[PDB]
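Before any comments, here is the structure.
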Amino acid sequence: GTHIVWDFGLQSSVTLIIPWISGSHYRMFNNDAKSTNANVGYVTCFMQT
Amino acid sequence: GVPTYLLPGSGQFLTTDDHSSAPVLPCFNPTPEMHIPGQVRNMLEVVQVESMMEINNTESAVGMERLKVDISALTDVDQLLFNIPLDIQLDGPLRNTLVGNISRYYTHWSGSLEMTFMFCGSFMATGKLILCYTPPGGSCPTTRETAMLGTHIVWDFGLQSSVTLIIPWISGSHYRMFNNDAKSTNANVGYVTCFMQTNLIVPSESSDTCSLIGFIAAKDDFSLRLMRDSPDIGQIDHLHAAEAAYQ
Amino acid sequence: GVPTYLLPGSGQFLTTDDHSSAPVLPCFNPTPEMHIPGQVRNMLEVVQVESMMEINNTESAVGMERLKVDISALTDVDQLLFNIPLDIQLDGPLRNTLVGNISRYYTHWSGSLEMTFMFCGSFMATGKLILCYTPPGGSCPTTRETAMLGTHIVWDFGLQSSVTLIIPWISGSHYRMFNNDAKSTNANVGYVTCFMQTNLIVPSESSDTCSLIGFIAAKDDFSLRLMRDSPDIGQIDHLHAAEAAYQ
Amino acid sequence: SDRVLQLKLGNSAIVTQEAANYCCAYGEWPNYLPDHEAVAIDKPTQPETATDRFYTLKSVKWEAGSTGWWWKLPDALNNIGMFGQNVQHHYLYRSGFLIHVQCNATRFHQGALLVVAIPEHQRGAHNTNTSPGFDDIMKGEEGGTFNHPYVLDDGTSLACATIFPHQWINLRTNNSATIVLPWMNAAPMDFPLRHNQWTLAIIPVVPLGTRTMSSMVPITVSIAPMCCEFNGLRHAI
Amino acid sequence: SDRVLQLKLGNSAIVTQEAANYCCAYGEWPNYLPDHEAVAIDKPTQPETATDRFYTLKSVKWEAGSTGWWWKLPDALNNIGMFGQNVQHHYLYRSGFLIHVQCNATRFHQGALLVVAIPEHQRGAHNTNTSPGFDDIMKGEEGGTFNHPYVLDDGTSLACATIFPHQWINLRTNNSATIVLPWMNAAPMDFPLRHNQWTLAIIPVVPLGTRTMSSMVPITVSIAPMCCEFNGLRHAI
Amino acid sequence: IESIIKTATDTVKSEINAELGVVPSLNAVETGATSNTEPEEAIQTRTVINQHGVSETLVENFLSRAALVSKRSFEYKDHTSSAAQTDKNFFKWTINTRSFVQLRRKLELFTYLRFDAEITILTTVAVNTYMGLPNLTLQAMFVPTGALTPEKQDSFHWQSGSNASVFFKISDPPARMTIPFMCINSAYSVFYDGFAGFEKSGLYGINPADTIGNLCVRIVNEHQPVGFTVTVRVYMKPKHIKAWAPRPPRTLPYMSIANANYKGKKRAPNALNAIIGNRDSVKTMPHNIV
Amino acid sequence: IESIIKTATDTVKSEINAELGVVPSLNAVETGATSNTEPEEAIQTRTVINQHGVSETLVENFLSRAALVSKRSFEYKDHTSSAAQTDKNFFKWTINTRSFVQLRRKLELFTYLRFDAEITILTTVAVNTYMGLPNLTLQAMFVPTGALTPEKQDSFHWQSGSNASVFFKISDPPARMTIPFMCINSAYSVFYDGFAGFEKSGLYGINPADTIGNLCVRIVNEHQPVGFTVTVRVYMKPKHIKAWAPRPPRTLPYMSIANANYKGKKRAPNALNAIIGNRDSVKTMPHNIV
Amino acid sequence: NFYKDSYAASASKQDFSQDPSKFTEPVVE
Amino acid sequence: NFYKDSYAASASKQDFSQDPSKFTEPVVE
């Protein structure tokens with residue numbers, strides 16, 4: 001999926017843009033987190049090296 | 001005089017050399033040219049004429065039974081009727097064709113092919129078939145699910161009793177070889193399979209078994225090169241009365 | 001007819017002759033040319049690419065240990081680290097290079113060379129070296145006093161981890177020969193030596209032994225002529241399965 | 001539009017309502033011999049409406065174990081009408097041909113005919129090295145039957161016989177086939193009694209089959225000579 | 001200026017802060033196949049953002065007795081993502097590659113990596129005359145290990161392997177290397193399951209060494225296909 | 001329409017085609033015409049600029065190959081006590097192209113041919129102990145069909161007052177001369193559906209216009225005390241070739257040079273009832289990838 | 001930038017250079033680029049007008065050398081009572097460039113080659129007592145990969161209806177003919193990292209497009225009463241050469257013609273663990289002037 | 001061709017005119 | 001070259017174009 005590979009160093013920060021990838025225009029703040037109109041997805045971090 | 005020196009290859013007889021030689025009949029006047037119908041100036045004119053495949057190259061198919069494929073009504077859906085080996089060099093259904101015999105005088109070939117299938121049942125016989133060309137890499141597809149994922153044509157029987165399955169030139173480089181290894185990556189063409197798209201439905205007074213005739217030609221992007229002798233003829237002895245030519 | 005006469009050299013087969021010969025396949029149409037990356041039109045393009053010297057061509061240096069020179073901290077000043085035999089024809093550190101292998105297909109050579117040395121210690125490792133090229137005539141210089149009187153470069157380690165020692169074309173006439181006499185006045189190039197200019201000073205958490213990798217290429221004033229066979233390959237028997245080509 | 005066809009030659013005419021597009025052999029149409037290709041210097045007779053007209057041969061019965069039929073031209077016409085009288089009284093002939101082959105059945109019948117006109121069909125005999133004799137070749141009006149039609153009785157192949165000017169009679173589609181033949185010879189004119197130039201072959205590639213009542217299905221051949229010239233007038237042999 | 005680099009392909013991006021100037025192989029950049037060099041006549045699929053994106057292989061541990069690692073392309077990617085699905089469903093492929101190799105350590109570590117992309121690396125086996133079999137060549141995603149990296153496992157020389165498109169990861173200087181590979185074949189397209197065209201080799205010319213604490217140093221390979229075309233659509237094998 | 005074709009035809013890109021009334025894939029085989037369905041009309045194509053030359057399938061290149069037409073070993077010795085059927089230092093050959101089957105099947109792909117024949121004669125010699133190979137002089141005299149062929153080595157027909165002879169040695173390059181297009185017709189009849197004479201007991205299939213003549217070849221030398229086996233091979237290259245009305249290729253083996261008789265092989269391939277070798281079923285694929 | 005180079009480059013005079021910020025001798029090997037340091041930038045030079053032509057290192061001149069590719073001695077005698085593996089007055093040869101190692105190592109300096117092959121055939125003969133050397137006629141027929149090779153000396157595949165044969169004698173100059181660029185690809189694959197077929201039991205490293213064909217060579221003569229040893233050598237000269245992607249030269253000895261397998265020599269030079277022969281230390285100079 | 005007869009010349013391999021439609025489309029419409 | 005095929009010609013030894021920078025400077029800046 002959408003990712004960024006980040007090397008530590010002189011610039012100590014990256015930005016992971018989470019793009020607006022949705023069916024229609026808006027998402028709801030529903031209490032059902034697993035709904036198709038409310039779930040955004042997941043952000044995970046791994047060791048690249 | 002002119003100082004000359006002989007090169008390597010002097011005095012040899014190459015059978016493909018192109019030189020002028022001595023006329024044996026000086027001031028001979030040949031017969032005047034007459035217009036004769038059907039002049040061939042390039043053998044790719046002949047290769048573009050369709051000719052019958054022997055898809056029924058099986059035992060108990062004797063002579064002209066080999067030129068037609070008998071289809072019948074089926075009680076199961078999506079069934080394989082026949083498949084055609086596209087191996088031209090090895091002895092398959094494409095060898096004794098105009099595109100097959102002229103190409104076996106050559107080693108390399110290129111370009112598209114067209115398979116034509118004429119339905120030769122009654123007028124009352126109806127049906128739909130799917131004619132699938134599969135590019136190489138895997139096995140020959142046995143189910144219709146697997147086979148229709150490639151190049152195909154769906155054919156309804158009727159007033160026009162023939163379709164063309166264009167077999168497109170889908171190859172890595174420009175040419176393919178007529179290698180004896182049919183499974184090589186530079187010689188394998190792929191597979192052509194036919195399935196029932198629906199079924200052959202005939203009435204009670206029509207014959208319940210109908211026939212297809214398969215044709216194949218080459219298109220005008222077709223090409224041949226690297227001329228070799230044909231495997232399709234040979235001899236181990238002299239022909240009869242060939243000694244009488246010396247008597 | 002034309003009065004001719006044959007010269008000496010008629011009917012010979014010189015293997016370097018340049019003539020036209022009979023085509024074995026008339027009207028053959030070759031495969032169309034495609035753009036392929038990395039075309040070589042002159043072998044002096046290849047000779048200008050740097051490639052690793054085996055300066056550590058010693059016993060107990062096994063395989064890739066031969067491609068690097070280990071330097072350490074020293075307690076005496078001005079010490080010799082390594083020297084490089086510039087004998088390309090005889091088997092030294094320059095033989096298995098791109099400049100070394102292509103030149104052994106030739107007898108005469110000319111032009112400048114460049115030696116590149118990459119320091120492969122830690123970032124915390126500091127040091128200064130002096131890389132001295134000595135023109136021929138005497139012995140190889142063992143002390144730094146003697147060696148620095150010739151062509152040299154003094155190199156500080158740091159953000160740019162490589163220097164180039166240009167070995168200039170300093171010769172009597174235009175070319176040098178790849179003679180088996182390394183000590184000849186028309187074949188000897190000279191010597192390259194390396195000394196500690198100061199010392200290798202590392203901290204306690206860095207590795208106390210650091211490595212150099214030596215590269216060599218040719219410049220664009222480099223030249224080669226008088227082509228000969230290479231000493232770098234040979235055979236006394238047939239290769240395996242070479243009899244199977246006749247079966 | 002290409003299924004109805006009327007072929008009017010002389011006092012003869014053939015209408016057909018299930019045709020294909022007709023075949024002109026090698027893209028050529030019959031003509032008379034021009035002056036720059038003429039050889040025989042005497043003035044030829046051109047009996048136009050008397051000989052350029054359809055002649056209908058005897059119908060052959062189309063059965064289950066049929067192998068095929070062949071007629072050699074002009075041998076199938078050398079005894080019929082005023083074409084045959086001009087053949088017997090002259091030494092040289094030159095003509096094209098318009099072959100129309102008729103075969104119809106019901107919409108419950110199946111079968112396919114390869115109707116092919118073969119130039120210079122030198123026949124071969126099977127399982128012997130003696131050449132075919134005069135009576136095995138010159139069958140006349142009745143024509144012959146293919147012994148081994150799968151090889152066209154000459155060691156060649158029926159599968160590649162579509163290189164020759166041909167049509168099909170597929171009973172699903174059409175009931176007639178028409179081939180227009182030009183003069184096909186290395187010679188301008190020819191002796192018609194010892195040389196045949198076109199062989200009309202009619203071959204059951206798909207055999208006749210039905211499950212309705214079994215009527216007789218025949219195959220009828222109507223051949224019209226086209227642009228007949230005749231040189232070398234003498235007595236009839 | 002040539003040390004920071006961001007490589008954005010598809011939905012993927014790699015930033016690096018200690019780079020060298022990246023390598024374009026033979027001065028060439030990947031493109032699609034033009035019409036004057038095309039062979040296969042069917043319309044190719046160009047799944048642009050779905051396949052032209054970085055794919056990260058499994059990291060390998062960089063040790064004291066390491067000889068080296070190799071991945072063959074496209075064999076290292078024939079089962080990954082939508083590149084692998086387009087490979088399995090099509091007969092022909094054509095793509096370039098953007099290889100990014102990651103390896104970092106502290107400023108007390110030393111070591112040099114020859115990161116070299118070898119075109120048509122036909123391997124050889126040692127001390128035998130039997131050719132390398134299918135399982136010895138087609139290692140897939142995991143890749144292989146060099147048996148004798150001093151001769152590049154083919155009788156040639158590691159010293160002259162800088163004639164090939166390469167970079168170095170010298171831990172003193174940089175922590176990444178980037179090679180941009182074009183299509184490298186005598187053929188316009190190719191069958192991806194039986195032919196590998198680029199071998200990425202990663203070789204310890206100077207081994208890993210330090211005297212500080214011994215962390216695991218891995219080497220990670222991110223490979224982006226570039227300008228993928230696919231012809232010959234069929235089922236997956 | 002007649003046009004000049006030097007390379008194979010290009011491919012145009014095509015798109016989705018969903019139009020009523022237009023069925024390019026449906027054809028009528030009953031008309032006798034070959035399908036006109038383009039690859040652009042059956043599947044969706046790209047633009048391909050096709051640069052493949054078509055010059056090796058030219059009928060000139062397909063037929064101008066020097067092929068063997070004759071081959072005789074004959075004993076070169078003293079023949080005063082030999083049989084009546086032996087070749088006494090000479091042979092005659094009625095020239096045909098139907099004895100060796102590679103050239104025969106290739107020429108019989110056409111009904112009519114008009115070509116000039118380029119004849120190459122290759123003589124080789126073997127000692128019939130070994131003492132060396134003599135450089136013998138041979139005479140190949142071209143006797144037309146209608147003249148008298150010699151009956152001896154030293155007969156007086158070999159003086160060749162008007163017959164064209166070539167005198168050549170074994171150590172030379174092979175003797176080469178061009179025979180013109182010598183038919184009384186405008187083309188040779190490769191196949192002749194007819195009889196050669198006006199009586200009904202003629203030969204079928206042999207047009208007398210097609211026969212070039214005789215090729216009488218002797219050794220001009222008198223005999224040595226030892227004998228030799230002299231093999232003469234004749235090679236014909238057609239040139240300046242026009243071809244008409246192409247034919248189905250012969251599938252069965254030839255039986256004779258005089259006719260198109262057929263037996264076929266005993267089993268498939270190239271049998272009388274099975275030209276292609278058999279497989280198990282019509283849905284059996286022989287070379288299937290496993 | 002691509003330019004035309006006919007001679008080696010000149011040298012410009014330089015002076016004392018003591019400028020901050022400009023370090024032409026410092027380089028970055030990590031980028032993968034070769035050093036750009038000029039001799040004018042490292043030491044102080046003079047002006048040298050360099051007239052040394054670069055035309056002998058052209059890839060055409062480096063590769064257009066006629067090199068041996070094939071060599072067979074075969075016994076020329078009566079072979080009615082010989083073994084099954086012997087050459088009975090003929091041999092076949094699958095054409096490769098990988099049997100003799102001088103041409104092999106030179107061609108394997110590149111990944112792709114596009115060239116026309118100029119083939120020279122040199123036949124020599126020895127008496128197998130001595131009575132003289134016969135002027136034998138040989139036939140070298142070029143059989144492509146896909147056709148049938150002969151199984152006898154007097155087989156009927158030698159008539160060469162379409163296969164290109166050359167007929168040549170021993171006393172002649174050597175037979176020479178040009179083979180074109182015959183690959184189905186745009187270049188030959190000198191190295192092929194792949195498998196030849198679609199099943200997994202193919203051959204590794206042998207692209208079938210690279211193979212030219214077969215070279216069947218017989219003696220046209222019948223046997224003499226004595227035997228002879230006929231040695232046929234084939235020489236290939238590449239011409240009209242384009243070359244791509246140069247490679248490291250092979251250092252270890254070749255083991256087979258079918259693969260790039262390596263053993264190395266037992267000790268240095270050209271051993272598996274030591275390509276260059278050893279010296280005593282890194283500060284030992286072997287050819288030192290005393 | 002220094003010979004006086006025109007049939008003595010070498011093979012004429014430059015006849016690139018085709019007409020496939022006399023064999024593939026021999027129909028009248 | 002009296003032969004009709006263009007590959008029959010002698011060796012073409014006049015191609016003096018070079019580009020060493022595709023092997024010596026393959027970097028993008």
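Residues are referred to by chain and number: the chain letter is A, B, ... according to the order shown in the structure tokens, the number counts from 1 in that chain, and ligands are numbered separately from 1 in the order shown.
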Counting only C-alpha atoms, which residues in chain I sit no more than 12 Å from chain H? For each one, give the nearest pair of atoms and the distance in Å, sorted by chain then residue number, as a tab-separated table.
residue	atom	partner	partner_atom	distance
I:2	CA	H:10	CA	11.6
I:3	CA	H:10	CA	10.8
I:4	CA	H:13	CA	9.0
I:5	CA	H:13	CA	10.7
Can you list, as a short mmCIF file (atom, residue, chain, number, x, y, z; two decimals) with N, CA, C and O atoms, in the first residue's frame, every residue of region 76-197 of chain D that DSSP puts in helix (DSSP H, G or I)?
data_model
loop_
_atom_site.label_atom_id
_atom_site.label_comp_id
_atom_site.auth_asym_id
_atom_site.auth_seq_id
_atom_site.Cartn_x
_atom_site.Cartn_y
_atom_site.Cartn_z
N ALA D 76 -15.55 -33.92 -71.84
CA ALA D 76 -16.94 -34.12 -71.48
C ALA D 76 -17.91 -33.47 -72.45
O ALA D 76 -19.11 -33.70 -72.34
N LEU D 77 -17.42 -32.66 -73.39
CA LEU D 77 -18.28 -31.97 -74.34
C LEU D 77 -17.95 -32.27 -75.79
O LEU D 77 -18.56 -31.68 -76.68
N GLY D 81 -23.81 -31.53 -79.13
CA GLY D 81 -24.27 -30.33 -79.79
C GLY D 81 -23.39 -29.89 -80.94
O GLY D 81 -22.69 -30.68 -81.58
N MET D 82 -23.43 -28.59 -81.20
CA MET D 82 -22.55 -28.00 -82.20
C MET D 82 -21.16 -27.70 -81.67
O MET D 82 -20.28 -27.38 -82.46
N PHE D 83 -20.94 -27.78 -80.36
CA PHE D 83 -19.58 -27.77 -79.85
C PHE D 83 -18.85 -29.03 -80.28
O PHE D 83 -17.70 -28.97 -80.74
N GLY D 84 -19.50 -30.18 -80.13
CA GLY D 84 -18.87 -31.43 -80.49
C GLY D 84 -18.65 -31.60 -81.97
O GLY D 84 -17.70 -32.27 -82.38
N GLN D 85 -19.50 -31.00 -82.80
CA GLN D 85 -19.29 -31.10 -84.24
C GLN D 85 -18.14 -30.21 -84.68
O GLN D 85 -17.36 -30.59 -85.56
N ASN D 86 -18.01 -29.03 -84.09
CA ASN D 86 -16.86 -28.17 -84.35
C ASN D 86 -15.57 -28.76 -83.82
O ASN D 86 -14.50 -28.50 -84.37
N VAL D 87 -15.63 -29.55 -82.75
CA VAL D 87 -14.43 -30.22 -82.25
C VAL D 87 -13.96 -31.29 -83.22
O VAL D 87 -12.77 -31.39 -83.53
N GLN D 88 -14.89 -32.08 -83.75
CA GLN D 88 -14.52 -33.23 -84.56
C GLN D 88 -14.08 -32.83 -85.96
O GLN D 88 -13.29 -33.55 -86.58
N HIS D 89 -14.55 -31.70 -86.47
CA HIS D 89 -14.22 -31.25 -87.82
C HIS D 89 -13.01 -30.33 -87.87
O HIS D 89 -12.54 -30.02 -88.97
N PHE D 134 -5.64 -45.00 -71.75
CA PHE D 134 -6.51 -44.06 -72.45
C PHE D 134 -7.94 -44.15 -71.95
O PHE D 134 -8.62 -43.13 -71.81
N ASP D 135 -8.42 -45.36 -71.67
CA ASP D 135 -9.79 -45.55 -71.22
C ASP D 135 -9.99 -45.15 -69.77
O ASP D 135 -11.13 -44.90 -69.37
N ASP D 136 -8.92 -45.07 -68.98
CA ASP D 136 -9.02 -44.63 -67.60
C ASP D 136 -9.04 -43.12 -67.47
O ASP D 136 -9.38 -42.61 -66.40
N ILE D 137 -8.68 -42.40 -68.52
CA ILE D 137 -8.61 -40.95 -68.50
C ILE D 137 -9.76 -40.33 -69.29
O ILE D 137 -10.41 -39.39 -68.83
N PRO D 149 -10.20 -39.84 -53.25
CA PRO D 149 -10.35 -38.38 -53.35
C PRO D 149 -9.60 -37.60 -52.29
O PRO D 149 -9.43 -36.39 -52.44
N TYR D 150 -9.17 -38.27 -51.23
CA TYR D 150 -8.39 -37.64 -50.17
C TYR D 150 -7.03 -37.18 -50.66
O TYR D 150 -6.45 -36.25 -50.09
N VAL D 151 -6.51 -37.81 -51.71
CA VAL D 151 -5.26 -37.40 -52.32
C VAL D 151 -5.47 -36.88 -53.73
O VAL D 151 -4.49 -36.68 -54.45
N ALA D 161 -6.52 -28.33 -51.99
CA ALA D 161 -7.13 -28.17 -53.31
C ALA D 161 -7.91 -26.87 -53.44
O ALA D 161 -8.45 -26.61 -54.52
N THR D 162 -7.99 -26.06 -52.39
CA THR D 162 -8.56 -24.73 -52.44
C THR D 162 -7.61 -23.69 -53.02
O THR D 162 -7.98 -22.52 -53.10
N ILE D 163 -6.40 -24.09 -53.41
CA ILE D 163 -5.52 -23.21 -54.17
C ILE D 163 -6.02 -23.08 -55.61
O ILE D 163 -5.72 -22.09 -56.29
#
With only C-alpha atoms considered, list every residue of chain E at most 9 Å from chain I, as a list in words.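 Every residue meeting the condition is included here: residues 2, 21, 22, 23, 24, 25, 26, 27, 28, 163, 164 and 165 of chain E.
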Dump as a PDB file, in the first residue's frame, selection limited to N, CA and C atoms:
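Result file is part.pdb:
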ATOM      1  N   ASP E   2      23.606  16.193  -3.984  1.00  0.00           N
ATOM      2  CA  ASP E   2      23.457  14.854  -4.529  1.00  0.00           C
ATOM      3  C   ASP E   2      23.430  13.794  -3.440  1.00  0.00           C
ATOM      4  N   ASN E  21      25.207  10.237  -6.019  1.00  0.00           N
ATOM      5  CA  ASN E  21      24.482  10.500  -7.249  1.00  0.00           C
ATOM      6  C   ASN E  21      24.002   9.166  -7.803  1.00  0.00           C
ATOM      7  N   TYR E  22      22.728   9.081  -8.196  1.00  0.00           N
ATOM      8  CA  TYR E  22      22.240   7.772  -8.600  1.00  0.00           C
ATOM      9  C   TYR E  22      22.729   7.407  -9.999  1.00  0.00           C
ATOM     10  N   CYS E  23      22.573   6.131 -10.334  1.00  0.00           N
ATOM     11  CA  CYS E  23      23.128   5.552 -11.549  1.00  0.00           C
ATOM     12  C   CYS E  23      22.009   5.280 -12.542  1.00  0.00           C
ATOM     13  N   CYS E  24      22.138   5.831 -13.741  1.00  0.00           N
ATOM     14  CA  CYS E  24      21.318   5.439 -14.876  1.00  0.00           C
ATOM     15  C   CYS E  24      22.147   4.495 -15.727  1.00  0.00           C
ATOM     16  N   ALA E  25      21.651   3.276 -15.911  1.00  0.00           N
ATOM     17  CA  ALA E  25      22.441   2.208 -16.507  1.00  0.00           C
ATOM     18  C   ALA E  25      22.665   2.462 -17.988  1.00  0.00           C
ATOM     19  N   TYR E  26      23.944   2.544 -18.367  1.00  0.00           N
ATOM     20  CA  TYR E  26      24.421   2.820 -19.726  1.00  0.00           C
ATOM     21  C   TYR E  26      23.938   4.171 -20.244  1.00  0.00           C
ATOM     22  N   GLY E  27      23.664   5.104 -19.337  1.00  0.00           N
ATOM     23  CA  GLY E  27      23.126   6.396 -19.704  1.00  0.00           C
ATOM     24  C   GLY E  27      21.690   6.377 -20.159  1.00  0.00           C
ATOM     25  N   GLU E  28      20.947   5.322 -19.848  1.00  0.00           N
ATOM     26  CA  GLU E  28      19.627   5.101 -20.411  1.00  0.00           C
ATOM     27  C   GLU E  28      18.555   5.171 -19.334  1.00  0.00           C
ATOM     28  N   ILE E 163      32.529  -2.687 -14.895  1.00  0.00           N
ATOM     29  CA  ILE E 163      32.115  -2.397 -16.260  1.00  0.00           C
ATOM     30  C   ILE E 163      30.596  -2.410 -16.369  1.00  0.00           C
ATOM     31  N   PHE E 164      29.937  -3.053 -15.450  1.00  0.00           N
ATOM     32  CA  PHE E 164      28.504  -3.172 -15.310  1.00  0.00           C
ATOM     33  C   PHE E 164      27.963  -1.988 -14.526  1.00  0.00           C
ATOM     34  N   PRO E 165      26.679  -1.659 -14.684  1.00  0.00           N
ATOM     35  CA  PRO E 165      26.092  -0.546 -13.922  1.00  0.00           C
ATOM     36  C   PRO E 165      26.066  -0.848 -12.432  1.00  0.00           C
TER      37      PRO E 165
END
Counting only C-alpha atoms, the residue of B:198, B:75, B:142, B:15 that sits nearest chain G: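 Residue with the minimum atom-to-atom distance to chain G: B:15.
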Under the rule of at most 9 Å, produce a per-residue listing of chain G near chain E: chain, number, name, the closest pair of atoms, and the distance in Å, as CSV, using only C-alpha atoms.
residue,atom,partner,partner_atom,distance
G:28,CA,E:20,CA,8.3
G:29,CA,E:168,CA,7.1
G:30,CA,E:168,CA,4.4
G:31,CA,E:20,CA,5.1
G:32,CA,E:167,CA,4.3
G:33,CA,E:167,CA,8.1
G:111,CA,E:120,CA,7.1
G:112,CA,E:186,CA,7.1
G:184,CA,E:187,CA,8.7
G:185,CA,E:187,CA,5.4
G:186,CA,E:186,CA,5.4
G:187,CA,E:186,CA,5.3
G:188,CA,E:186,CA,7.1
G:189,CA,E:186,CA,7.0
G:190,CA,E:120,CA,8.9
G:191,CA,E:120,CA,5.8
G:192,CA,E:120,CA,5.6
G:193,CA,E:122,CA,4.3
G:194,CA,E:195,CA,4.0
G:195,CA,E:194,CA,5.3
G:196,CA,E:194,CA,7.5
G:197,CA,E:194,CA,7.4
G:198,CA,E:194,CA,6.9
G:199,CA,E:194,CA,8.8
G:200,CA,E:134,CA,6.4
G:201,CA,E:134,CA,7.4
G:202,CA,E:134,CA,8.3
G:203,CA,E:131,CA,7.9
G:204,CA,E:131,CA,6.7
G:205,CA,E:122,CA,6.0
G:245,CA,E:164,CA,7.6
G:246,CA,E:163,CA,6.7
G:247,CA,E:163,CA,6.4
G:248,CA,E:160,CA,5.1
G:249,CA,E:156,CA,5.6
G:250,CA,E:156,CA,4.0
G:251,CA,E:156,CA,5.3
G:252,CA,E:155,CA,5.0
G:253,CA,E:155,CA,7.5
G:254,CA,E:155,CA,7.8
G:255,CA,E:129,CA,6.5
G:256,CA,E:129,CA,6.3
G:258,CA,E:131,CA,7.4
G:259,CA,E:131,CA,5.9
G:260,CA,E:124,CA,4.5
G:261,CA,E:124,CA,4.1
G:262,CA,E:126,CA,5.2
G:263,CA,E:127,CA,4.8
G:264,CA,E:155,CA,7.9
G:272,CA,E:151,CA,7.6
G:273,CA,E:150,CA,7.6
G:275,CA,E:157,CA,8.6
